[PDB]
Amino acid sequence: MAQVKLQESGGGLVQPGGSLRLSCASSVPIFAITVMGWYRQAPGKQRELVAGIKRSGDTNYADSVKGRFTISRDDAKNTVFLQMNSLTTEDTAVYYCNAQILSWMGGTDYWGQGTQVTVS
């Protein structure tokens, strides 16, 4: 049985300059996840890490999104949020939640199916 299931929501269609809040819900309490992260895959592009957040709260971001995207942990909501500001067409991709759970021998990756983001 998968040790966590992830479900992304809150993507969709937005015009350039608009904003979106992505959401990732975890079937287990999010503090059981060592690193939660957001990835994206666009047509004709590489799969990119956009943001990641540790249990401590330390965050890291891709250069292309610094200052526009913000990743956070909401423990009560059991949700990790990706706030996306000042969007451009080049941010069109499917955004994946990623759960990294560290076990003694090493980490295990878990992925959601992704939520569609279109900027037009």
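When you see a residue number, it is the position in the sequence shown, counting from 1.
- Stretch comparison (104 to 112 versus 11 to 19) by mean CA B-factor in the PDB entry places 11 to 19 on top.
- The entry lists a Cα temperature factor for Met84 that places it in the highest third of the chain's modelled residues.
- Sorting the modelled residues of the chain by their CA temperature factor places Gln46 in the highest third.
- Sort the modelled residues of the chain by CA B factor and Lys54 lands in the lowest third.
- Ranked by C-alpha B-factor against the other modelled residues of its chain, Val94 falls in the middle third.
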